[PDB]
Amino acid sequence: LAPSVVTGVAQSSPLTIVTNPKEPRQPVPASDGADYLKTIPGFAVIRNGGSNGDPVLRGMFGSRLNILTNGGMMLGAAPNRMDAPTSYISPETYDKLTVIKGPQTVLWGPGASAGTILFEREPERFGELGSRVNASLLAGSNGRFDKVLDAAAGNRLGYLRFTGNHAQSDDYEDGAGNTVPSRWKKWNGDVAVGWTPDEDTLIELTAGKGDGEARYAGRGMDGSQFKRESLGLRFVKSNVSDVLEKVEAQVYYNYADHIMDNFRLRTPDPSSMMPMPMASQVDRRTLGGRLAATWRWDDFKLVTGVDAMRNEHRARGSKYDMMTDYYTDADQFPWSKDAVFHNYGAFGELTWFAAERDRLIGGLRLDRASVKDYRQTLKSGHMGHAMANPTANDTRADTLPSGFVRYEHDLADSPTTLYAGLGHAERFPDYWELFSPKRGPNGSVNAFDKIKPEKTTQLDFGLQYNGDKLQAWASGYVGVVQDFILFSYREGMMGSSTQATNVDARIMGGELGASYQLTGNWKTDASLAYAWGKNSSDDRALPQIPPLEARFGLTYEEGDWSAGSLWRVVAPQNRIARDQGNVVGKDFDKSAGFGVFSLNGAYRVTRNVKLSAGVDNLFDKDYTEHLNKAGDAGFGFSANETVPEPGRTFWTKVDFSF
């Protein structure tokens, strides 16, 4: 019962990780969802500034990751992904984080090539009329202050629930004394109302707001606004038949609305290629639903259902005269839509419990994707002037089936689980892969016309050992990607032009981890994570693969309190692909290895108050991540200087639970 800071999360069961984002985490995460994933082996992060990192699982970027919140999906608006989905998630607000690695689930939506992230809140319950409350404050170096509250009242027939947080920080400093332009402010409030009429029935209505601002050292504009609006409807019935155990239905609505500019949290670089005040506003309305039914009878959990989703993207930009200098903010201009996506899908997952020691799992899902392009002009050609868009009002669609099989077997002599699975997923191109790139495949018309689906076939395997003093897990993958979508960077006159192409790719890698209890007070654990990719069409390494890394943990415990140290050692990355990558980042230089040491402690003062603290990067190491963005140069960054990581930082947090 001794409290503990979190430095790592193991695999609880084959391919799957389950954590709780409300326990304190030693490399003190910001307030994005990408940072609460850094403590899970397999995850890297592109750094843009101080918060809102872009997550990378086993080397894979972007929409290859299925990031949902309470079952529904929230999507960004910025065409360069300055407002990636995780920017709108504050994990502190959620009770459970689940990750399934690989292409091994069909229940949560199409095209989960690399893996599935599941932030959720869990329904209340009340033996009778009662009321519970959770709160926490965090204070740290560089103006770090995070408050979070979750409160709930109810009786055995219903409940009200409120969660919310406020968090902000100033610029941090690296291990070399410099200020990194990277402040942020976020807040979120959400309300639920839930009706439990009899014990086998629940309805829930959900609403929430959020806003945020962020300073980006690794972009040419800052995030002035991350306004979010959300409505949800959830309905479950249990024990419908005696072989239809559960039926669930869910509607969700997720409106993102984001402003990028260069004049609110910075001033325009006078030497830049946008030295005037620019601002560009973008929103993204998402509607989606899910209807699933669970049947269990004999040895068969079989979950069958359907889902469907529609999202709509719009934009408008600032107009700034130059000898009038009459700037006119973008919100005195009409909203100009350019994209509407639809997905309709149907899915099923069958599990077979053969014998005490064997399980066999099998999924399929057929999806029906489509997109319409409502751009009338495109700003290409000479100095980027209006040109009639050749795919204007066009509508492409595809029918993409996916699925997996997995076999899990338990040894007879030992507490070992062994597991191997095959999985194949197809993924319809992203907003960012269809509209963002200046140019499409060679001889295209645009990128919308030619970028083909991405079809990934992957083999997953590993094991679980959880004996008495040893608990260990491992998990590898070998896979092929056909038509892997890949960006390419040229520079000419106006700036640096992207270009999307479809290549074939080989991927491999893995993660392992173990934890050993030496004595009653002494614990150690370690984790390793490695990823490897190749461009088969060009005999090149894949761009933006995170280097090999290992973490070592050692702790001391006395029941009321604990202390621990943590060492993070990271190999250099030598397989790069210069001027290739994704919509946010390009490879340029081989990265340096490095190591970072840290310390943490926690005290359970009373049954309702607990404290914890940490110093991070104890030796003020001056490092950078391979995947980090290059910095503005308007912030005085040289050549291809990536954004430095945070130097020595201290943090302290109290956890109130009445």
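In case it trips you up, residue 1 is the first one in the sequence shown, and so on.
Asker: Would you tell me which stretch averages the higher CA B-factor in the PDB entry, 152-160 or 548-556?
Answerer: Here the higher of the two C-alpha B-factor means belongs to 152-160.
Asker: Which wins on mean Cα temperature factor, 140-148 or 331-339?
Answerer: Here the higher of the two C-alpha B-factor means belongs to 331-339.
Asker: Per the entry's Cα B factor values, which of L411, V478, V569, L287 stands out as the maximum?
Answerer: The record points to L411.
Asker: Highest recorded C-alpha temperature factor, please, choosing from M309, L378, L231, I100.
Answerer: When the deposited C-alpha B-factors of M309, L378, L231, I100 are compared, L378 is largest.
Asker: Could you tell me which third, lowest, middle or highest, the C-alpha B-factor of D83 occupies within its chain?
Answerer: It belongs to the middle third of the chain when residues are ordered by C-alpha B-factor.
Asker: For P29, does the deposited CA B-factor place it in the lowest, middle or highest third of the chain?
Answerer: Tercile = middle for this residue's CA B-factor.
Asker: Would you please rank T105 by its C-alpha temperature factor against the other modelled residues of its chain and give the third it falls in: lowest, middle or highest?
Answerer: Middle third of the chain for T105's C-alpha B-factor.
Asker: Which third of the chain holds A10 when residues are ordered by C-alpha B factor: lowest, middle or highest?
Answerer: Its C-alpha B-factor belongs to the lowest third of this chain's values.
Asker: Using the B-factors in the PDB entry, rank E23's C-alpha atom against the chain and give the third, lowest, middle or highest.
Answerer: It falls in the middle third of the chain.
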